[PDB]
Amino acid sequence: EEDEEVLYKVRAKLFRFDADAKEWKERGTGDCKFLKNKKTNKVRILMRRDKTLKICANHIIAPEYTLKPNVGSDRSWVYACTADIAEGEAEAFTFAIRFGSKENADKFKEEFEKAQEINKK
């Protein structure tokens, strides 16, 4: 990440929806970063687990994506991801990302929309 610029960095817990099990599963807790590539100027989410430093989110902030509220939370966003490469080859996931506060969540979604219309260019 030596040729990428941090646009936004917030602490978050990331979840993955297991449709089969009909429940949310924690995927990782750590710094969720918005990284702008110096070459392509494409902004991605890169999230690493605390301590182990293992990647638990790695995908483009696609302009298609829509952040929805979760019924249970005032400080979370749900959105479909069509290509995440954290755990091998590009796989589709329904993500949820929860934050420390409602304002952290609101600043995330505003920063996520900034990045979507950087990815428009």
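Residue indices: 1-based, along the sequence shown.
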| item | value |
| --- | --- |
| Entry-level comparison of average CA B-factors, 44 to 52 and 84 to 92, reporting the higher stretch | 84 to 92 |
| Third of chain Cα B-factors occupied by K102 | middle |
| Within-chain third of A21 by Cα B-factor, per the entry | highest |
| Record-listed C-alpha B factor of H59: chain third | lowest |
| Chain-relative CA temperature factor third for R75 | lowest |
